[PDB]
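Trainee: Let me give you the structure first, and then I'll get to my questions.
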Amino acid sequence: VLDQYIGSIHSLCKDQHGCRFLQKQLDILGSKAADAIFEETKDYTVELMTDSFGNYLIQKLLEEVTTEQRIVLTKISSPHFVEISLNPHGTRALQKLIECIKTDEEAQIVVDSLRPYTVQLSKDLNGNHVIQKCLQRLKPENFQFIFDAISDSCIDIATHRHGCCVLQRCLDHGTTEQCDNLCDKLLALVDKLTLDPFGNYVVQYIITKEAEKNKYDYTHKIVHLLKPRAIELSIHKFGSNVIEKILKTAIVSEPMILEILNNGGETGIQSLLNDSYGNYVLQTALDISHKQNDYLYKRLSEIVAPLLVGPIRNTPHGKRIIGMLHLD
RNA sequence: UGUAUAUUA
């Protein structure tokens, strides 16, 4: 019950060493010490949230505070979620707030506030992590808003440096109904997403998560749409990563290697040998077929061996493919 | 030989 600093808690926030202190205070006190710090600081929560040290207090304050006090802090901050979210410190406090909310009124207020700005926050360096925490902590019933918003600006988000990370959370935490809708849209531009600096990552993730669950739906729909362009995509900087992902995925592996032999032929396999990215594909196709199926490995092997003549033998990738020809 | 992802003191 020993407070010498009471009455002037707010001034202790000006310095890093002042905020660190208030937190040790909350750490050891910590109930009565919350009614205290709460009542003195509430009026500056959106200011403290976006501050270098305050925000840490706010984060301790949220763990320690009661429900009613959180609902007040939440009500006080909601008009300021956008500016809070685009902030490096603010994003941290707001994320914490979301981690701490227990009631539906709280989740209601938060989604209500964030709704109109989902796509915007989802393209933001600091903001996108607020959107991700909604996906990670809230009931699907609640974050339905995010899925709606993101499903509509689907390609915009999937092809964005940060947007693409939010899609990955959507796939992590959403309902089957929600993901299937998201994916149905994603699939409508699997071609363009595949060739994209960021979209290719989303394509790979759909495959990753199905392989995770051992239940395959869009993995097949992707492979169906893409496979006919196996070679063309194998020699693309980004698309080649998708092709390599398909190859490393056992339920679709053989068909795709078979696509290389079938419609690539000796020609397309030459292209792969000499290409900046294509050769990594060839290496993987060889590595995999080796492990998975000898007929395929042999058919591969006997086309490569004749083509591994000349200056190619001395190249970095040449040596690396040469070393993949007698593994049995 | 080839891609992203603030880990605020």
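No lab work stands behind these numbers, since they all come straight from the coordinates. Ideal geometry is used to build each Cβ from the backbone, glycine not excepted, and the neighbour counts take in all protein chains shown.
Trainee: Confirm whether A:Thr159 is within 12 Å of RNA strand B (Cβ to nearest atom) and of a type in the set (S, T, N, Q).
Mentor: yes
Trainee: Now for a different question. Can you work out which of the residues in segment A:48-67 that are within 11 Å of RNA strand B (Cβ to nearest atom), not in a helix (DSSP H, G or I) and not small (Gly, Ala, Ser) is nearest to the chain's Cα centre (by Cα)?
Mentor: Here the answer is A:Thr50.
Trainee: Counting only residues that are part of a helix (DSSP H, G or I) and over 24 Å from A:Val130 (Cβ atoms), which one in segment A:1-15 is nearest to RNA strand B (Cβ to nearest atom)?
Mentor: Only one residue fits best here, namely A:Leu12.
Trainee: Of the conditions (1) closer than 20 Å to A:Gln178 by Cβ; (2) touching a residue at least 40 places away in the same chain (Cβ under 8 Å); (3) of a type in the set (A, V, I, L, M), A:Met49 satisfies every one except a single condition; which number is it?
Mentor: Result: A:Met49 passes all but (1).
Trainee: Follow-up question, since we're still on this one. Report yes if A:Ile257 is more than 10 Å from RNA strand B (Cβ to nearest atom), buried (at least 21 other Cβ atoms within 10 Å of the Cβ) and either small (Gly, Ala, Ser) or closer than 20 Å to A:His290 by Cβ (or both), otherwise no.
Mentor: Yes, satisfied.
Trainee: Show the residue pairs meeting these rules: Cβ distance below 8 Å; 6+ apart or different chains; first residue within segment A:218-236 and of a type outside the set (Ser, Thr, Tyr); second residue surrounded by fewer than 17 Cβ atoms within 10 Å (Cβ to Cβ) and not in a helix (DSSP H, G or I).
Mentor: Going by the 8 Å Cβ cut-off, the qualifying pairs are A:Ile235/A:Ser276.
Trainee: Looking at this structure, is A:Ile207 within 16 Å of RNA strand B (Cβ to nearest atom), touching a helix residue (DSSP H, G or I) at 6+ places or on another chain (Cβ under 7 Å), touching a residue at least 40 places away in the same chain (Cβ under 8 Å) and in a helix (DSSP H, G or I)?
Mentor: yes
Trainee: Looking at (1) within 16 Å of RNA strand B (Cβ to nearest atom); (2) more than 18 Å from A:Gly264 (Cβ to Cβ), find the lone condition where A:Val309 falls short.
Mentor: Every condition holds for A:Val309 apart from (1).
Trainee: Hey, another quick one. Select from segment A:215-250 the residues that are in a helix (DSSP H, G or I), within 24 Å of the chain's Cα centre (by Cα) and over 25 Å from A:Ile312 (Cβ atoms) and list them in ascending order.
Mentor: Answer for segment A:215-250, where residues must be in a helix (DSSP H, G or I), within 24 Å of the chain's Cα centre (by Cα) and over 25 Å from A:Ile312 (Cβ atoms): A:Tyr218, A:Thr219, A:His220, A:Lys221, A:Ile222, A:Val223, A:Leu225, A:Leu226, A:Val242, A:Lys245, A:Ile246, A:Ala250.
Trainee: On to the next question. In the list A:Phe147, A:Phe143, which residue meets the criterion of being crowded, with 24+ Cβ neighbours inside 10 Å, more than 24 Å from A:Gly54 (Cα to Cα) and in contact with a helix residue (DSSP H, G or I) (Cβ under 6 Å, 6 or more places away or on another chain)?
Mentor: A:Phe143
Trainee: Which of the residues spanning segment A:68-94 are charged (D, E, K, R) and surrounded by fewer than 17 Cβ atoms within 10 Å (Cβ to Cβ)?
Mentor: A:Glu68, A:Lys75, A:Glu83
Trainee: Please determine whether any residue of segment A:71-85 is without any contact (Cβ under 8 Å) to a residue 40 or more places away in the chain and basic (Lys, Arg).
Mentor: yes
Here is a yes/no grid of residues against (1) out of contact with any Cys (no Cβ under 8 Å at 6 or more places or on another chain); (2) farther than 20 Å from A:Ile257 by Cα; (3) among the hydroxyl-bearing types (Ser, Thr, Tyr); (4) surrounded by fewer than 17 Cβ atoms within 10 Å (Cβ to Cβ):
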{"position": "A:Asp191", "(1), (2), (3), (4)": "yes, no, no, yes"}
{"position": "A:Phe198", "(1), (2), (3), (4)": "no, yes, no, no"}
{"position": "A:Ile206", "(1), (2), (3), (4)": "no, yes, no, no"}
{"position": "A:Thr219", "(1), (2), (3), (4)": "yes, no, yes, no"}
{"position": "A:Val223", "(1), (2), (3), (4)": "yes, no, no, no"}
{"position": "A:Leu233", "(1), (2), (3), (4)": "yes, no, no, no"}
{"position": "A:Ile243", "(1), (2), (3), (4)": "yes, no, no, no"}
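Trainee: Looking at A:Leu121, A:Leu167, which is the one that is aliphatic (A, V, I, L, M) and over 24 Å from A:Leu62 (Cα atoms)?
Mentor: Exactly one of A:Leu121, A:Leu167 is aliphatic (A, V, I, L, M) and over 24 Å from A:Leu62 (Cα atoms), namely A:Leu167.
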